[PDB]
Amino acid sequence: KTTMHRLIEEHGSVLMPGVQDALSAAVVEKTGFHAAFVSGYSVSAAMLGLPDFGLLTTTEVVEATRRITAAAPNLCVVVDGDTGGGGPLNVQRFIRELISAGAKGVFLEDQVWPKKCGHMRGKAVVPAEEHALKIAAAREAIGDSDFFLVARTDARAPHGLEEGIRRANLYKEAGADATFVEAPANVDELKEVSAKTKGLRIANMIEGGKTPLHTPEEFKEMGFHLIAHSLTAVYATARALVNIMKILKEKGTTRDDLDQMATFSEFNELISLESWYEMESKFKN
Amino acid sequence: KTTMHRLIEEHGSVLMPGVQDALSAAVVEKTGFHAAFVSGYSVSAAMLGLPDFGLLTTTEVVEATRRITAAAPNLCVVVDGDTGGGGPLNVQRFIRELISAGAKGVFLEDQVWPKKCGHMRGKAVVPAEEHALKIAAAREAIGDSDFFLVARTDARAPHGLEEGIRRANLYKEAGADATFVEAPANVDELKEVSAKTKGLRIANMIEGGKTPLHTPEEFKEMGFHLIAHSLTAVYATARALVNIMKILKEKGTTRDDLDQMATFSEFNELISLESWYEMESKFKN
Amino acid sequence: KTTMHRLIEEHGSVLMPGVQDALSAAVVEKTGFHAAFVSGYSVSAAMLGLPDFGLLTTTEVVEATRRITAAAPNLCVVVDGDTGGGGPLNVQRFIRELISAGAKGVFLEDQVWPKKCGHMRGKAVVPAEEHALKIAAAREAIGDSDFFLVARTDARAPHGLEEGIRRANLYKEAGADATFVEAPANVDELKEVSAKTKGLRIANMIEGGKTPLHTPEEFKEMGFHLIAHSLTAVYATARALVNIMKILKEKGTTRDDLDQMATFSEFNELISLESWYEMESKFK
Amino acid sequence: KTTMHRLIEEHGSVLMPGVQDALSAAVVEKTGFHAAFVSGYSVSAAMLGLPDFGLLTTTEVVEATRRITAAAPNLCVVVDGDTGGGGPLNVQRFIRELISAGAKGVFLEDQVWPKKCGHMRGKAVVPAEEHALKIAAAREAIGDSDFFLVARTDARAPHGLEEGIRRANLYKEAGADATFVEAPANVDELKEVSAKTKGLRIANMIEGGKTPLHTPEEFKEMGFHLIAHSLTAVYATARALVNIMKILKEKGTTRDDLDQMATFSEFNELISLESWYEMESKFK
Ligand SMILES: [Mg+2]
Ligand SMILES: [Mg+2]
Ligand SMILES: [Mg+2]
Ligand SMILES: [Mg+2]
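The deposited coordinates, according to the entry record, derive from X-ray crystallography at 2.70 Å resolution.

Within the PDB entry, the label attached to chain C reads petal death protein, and the organism entered is Dianthus caryophyllus. Recorded in UniProt under Sequence similarities, the annotation for chain C is "Belongs to the isocitrate lyase/PEP mutase superfamily."

As annotated in the PDB entry, chain A is petal death protein from Dianthus caryophyllus. What UniProt records for chain A under Function is the sentence "Catalyzes cleavage of the C(2)-C(3) bond in oxaloacetate and in (2R)-alkyl malate derivatives to form oxalate and acetate, and alkyl carboxylates and R-ketocarboxylates, respectively." The Catalytic activity comment attached to chain A in UniProt states, word for word, "oxaloacetate + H2O = oxalate + acetate + H(+)".

Counting residues in each nonpolar core, the largest one holds 164 residues, and the members touching the most others are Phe267 of chain C together with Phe267 of chain D. Leave out the neighbours within four places in its chain, and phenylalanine 267 of chain D touches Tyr41, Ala45, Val234, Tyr235 and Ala238 of chain C. Within the second largest apolar cluster, 157 residues are counted, among which are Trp276 of chain A together with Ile95, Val181 and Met205 of chain B.

All names here are of chain C. Running from amino to carboxyl end, helix α5 (residues 88-100) crosses helix α6 (residues 128-142) at an angle of 40 degrees, the nearest separation of the two axes being 8 Å. Here α5 runs over α6; the crossing is right-handed. Mapping the contact onto sequence places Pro88, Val91, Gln92, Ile95 and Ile99 in α5 and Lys134, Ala137, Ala138, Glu140, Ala141 and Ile142 in α6. Taken together, the residues of the contact of α5 with α6 break down into eight nonpolar, one polar and two charged.

Right, let's get into the relation of the copies chain C and chain D. Of the two same-sequence chains, chain C is brought onto chain D (RMSD 0.0 Å, axial shift 0.0 Å) by a rotation of 180 degrees. Interpreted geometrically, this transformation is the action of a two-fold axis. Identified as the residue of chain C closest to the rotation axis by C-alpha distance is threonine 237 of chain C, at 2.7 Å. When the interface residues of chain C are mapped onto chain D, 100% of them are again interface residues, pointing to one common binding face.

All names here are of chain D. Within the closed barrel, the eight strands sit side by side as β1-β2-β3-β4-β5-β6-β7-β8. Their pairing is parallel. Looking at each pair of strands side by side, their axes are set apart by 25 degrees on average, direction ignored. Looking at chain direction, strand β7 (residues 200-205) and strand β8 (residues 226-229) are connected through four bridges and run parallel. Across the sheet, the residue bridging to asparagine 204 is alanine 228, located in β8.

Contacts between the two partners involve 17 residues from chain D, matched on the other side by 17 residues from chain A. Here chain D meets chain A over a buried area of about 1400 Å², counting both sides, of which 67% is carbon and sulfur. For the chain D face of the interface with chain A, the top three residues by lost area are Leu89, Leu133 and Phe283 of chain D, together amounting to 40%. Connecting chain D to chain A are two salt bridges. Residues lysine 282 of chain A and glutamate 140 of chain D are paired through a salt bridge, measuring 2.4 Å at the closest nitrogen-oxygen approach. For the pair chain D and chain A, the interface holds one residue pair in polar contact. At the level of secondary structure, the elements contributing two or more residues to the side of chain D that touches chain A comprise α5 (88-100), α6 (128-142) and α12 (273-282) of chain D. Residue classes in the side of chain D that touches chain A are distributed as eight nonpolar, two polar and seven charged.

Attention now goes to the environment of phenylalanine 33 of chain D. Take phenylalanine 33 of chain D: it is sitting in the loop between α2 (22-30) and β2 (35-38). Taking C-alpha positions, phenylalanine 33 of chain D is 30 Å from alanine 174 of chain D, a pair spaced 141 residues apart along the chain.

About the criteria used
- Residues numbered from 1 in each chain as written, not as in the entry; some residues may be left out.
- Chains lettered and ligands numbered in written order.
- Heavy atoms only, no water.
- UniProt positions renumbered as here; feature names shortened; annotations may be inferred.
- Core = buried A, V, L, I, M, F, W, Y, C linked by side-chain atoms within 4.5 Å.
- Buried < 20%, exposed > 50% of the residue type's maximum accessible area, 1.4 Å probe, protein only.
- Contact = heavy atoms within 4.5 Å.
- Axes fitted to C-alpha atoms, helices over the stretch in contact; angles between N-to-C directions.
- Helix = DSSP H or I, 4+ residues; strand = E, 2+ residues; numbered from the N terminus.
- Left-handed = near helix turned anticlockwise from the far one by under 90°.
- Nonpolar A, V, L, I, M, F, W, Y, C, P; charged D, E, K, R; others polar.
- Least-squares fit on C-alpha atoms.
- Pairing = 2+ DSSP bridges.
- Buried area = accessible area lost by both parts, 1.4 Å probe.
- Salt bridge = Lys/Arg side-chain N within 4 Å of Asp/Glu carboxyl O.
- Polar contact = N/O pair within 3.5 Å; in protein donor to acceptor, adjacent residues only side chain to side chain.

Now the structure itself:
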């Protein structure tokens, strides 16, 4: 059916770096990866300068998705759908719009709106049944479309692995392609997720988050098929930005320390300047 | 009149890091800077994954400007206006829109549309008079609005410092607040720009570009008042992204090398997570 | 001392036609009105072709706002905010955004999300305190901004006029500038709202609606200050398009029905083709 | 074998009403037409309240397109591309964007930037080869895409019908699917374009325009295949808004002129309030 399906087949567990925009999406594709995750958290920070505090609207992740699609046309793009922007009807519209934005899948959550990062302090969740219907709602919207449907549960934090899990299996029944139990606290937890969730499983790596950091081979072992590395891109970026700007402020110059930036061979290699010069010429007289 | 004016007074030459979005704009403000430059080149790469090859529309830099404004409300934001999006009438509309997008100034160019980076291989320029009118056009649109009007000339590349310069003085007559002679090849050139251009002068530092890299004290000396450091932010970003993603691809994990990313103390310190938690609480019962 | 407060004083009942894009805002401003309301209902239809089902997002409403505002830069423009996009924080990003988008007011509503129209079949409502807090939040985010705040309650249908009224009064105390009890069913019910809600009051005229149709001069008498005429524009528009496109479809041309469309001088009068040609020549 | 090529074959002259947003696209589709044209003129007015002065950007036209497309997902939608946003590269980003936005064709024009309308006072034109190349570029960017390409020439006013014609033929050879000589002044001039331009031909009906008003069945006879009826919608609309808002302003209410606005079942018929209520109940 799906590119995720044909992707989780061809490989063991698929590593899907988190992306916050076109340049990052570009770098991800260029580095060989076959999938990428439009991260709400990242998009919030990068696009709006906002904490993952449920301020980012469904409309905005769509705009960002459209750009990221265009910029990395090959990358199999999966989008952070948060709450899914309302009730069933909102979800469906949102789904339809992401299919038009060129994406190939969603994550949708358990949380009360407005939501927070799954590794953040004070989350709450709607009754399972209520979200089940939304999965069901997205399911119908997707139809034949090439669209992977990940149902996420933030239930562990306030209710423990038990709750989180049963919700996972319920969303699977509802018609999800795969399941995502957010923020397992350790290995044991992870492995326990793997034993009592029916079908394909996600797992989200967050540097300094609440889960142990593992590899596609290690996850294949534990039985997780899609690995979102959500904040790698943004987190790297933020350091680099703070570093270079400090250097800039106190010297007033990059002049001395240029090993922090990139080359033009490289930057333009990155974006294919030469490649364009070529197209441009095909069309003068 | 302007915040640039009152800024170029309070300081000698103002260092204005180039910005490509909210997160970067945020980091710039947070690091003490008093000004920032919405770079078309950066916005192209970051927002669209596109080379500075004149594909970015006036409408898009406006959207980006609006976000960057909101995200760094204090930063005195100056926008890369490229060609200015058409003829006089387009410029005016564009100007009006940037004033609404919360910005405080523009750079507008000499180039034939579609334009290219000022440090790029094959640029062309419209007759001086033609651009003079556009400066004049923006001038009237600005009125009392708090808006700094930098007129840029890309004439050096294809016609030499002479042409570039006379164009500079002409755009000054036309009503520009300050003047920008793009891509002086060396010090001598710079200093020559400073001797025969009447009034306030810009200077653009591009890492590995065609100009020598200098500091606000050094520029104050040479007589340049506004220093755009256009590609620092984006260039740092691109390295960091390529680095981390390579590491990610070949290990499948950041686990070992976490000194490349940022902390949560730090990331959230960056965006003020705690600060939000505080506002959020003011309003529960 | 907000612009609207000013308008409600210079006049007695401000009449505020609904508007759903740039052209309609223009026509509205060109017609002599001083205030205009961005209708979420209208906008779903005009801008997205969607029933008023709480699909139109807060992002969408703002874009919509921006254009309306630029095109009709004098109209005191007031935005239907529906639910406010979620919690008090979402409300606050939204007020900020709207202020940035050139508006001077919002209406914020009682309803569960996703909201429905105000004269539509199924409506539920969040606990009054919850909205009182959103209002409050709104208020703080408004600060000095010239931005008239309207608290709407949709409680009348599910709960009777009493609730509608206490909630209005509750929301006034939480710092709205004016209060809107949706869908009084008739004159008595208006007068009752007028008698029992303290402060500035909104009425909302919708043709075919549950509330009876009345004029400013009359409303002035019934103690109402801000009359939304929300769906008129979209409604006139919709009929116009349906008629013409029938003709165009059946007769294959407009040839015989030209008096349906507007005039060159007329149209240009609405969008100023002479104001432009001039500015254009000034800079040739 | 593009959708439009299909439409021009199933029928003889395709009649393609102009449309400037979601509601109008809807009405147009709901009325039985199979094709619709996104009018840049219309859109400047409706969406931004701007004279057709080449202010509407390529970005703007696309957003506009997307909405129109979703709301009217069967209408074979064809976009007024004006100048194409600049050089051949800009043309190409634009074709891509439009294909992504769900369209099935564009019209690309001869004019210097910034363009004006096609029946407006001052018009100049770029060297034919320059546009031929843009067309070509367009063509390549189109590839397999179901996307009917129209090359428009505005040379008739500044240069006479001869230039208009050679340029059309020039642009056909550069790989447009159809050709549009703007503003033949009358029947003779149409027939002359019909006789001297090779391939598929566009005519563009504008009420008050320079070209005389004719029907598909007639145009079929004069050898034209795609008739834009570009400004009708906006024009009907504009009159509708001006009348109503006069009434609303003078009488203070719509109370006495209700037959100007549309019906609840009617309106909802255009935007499907029953289709929704149903999907809604399916998931409660
Ligand atoms: Mg998220
Ligand atoms: Mg630039
Ligand atoms: Mg509403
Ligand atoms: Mg046009």
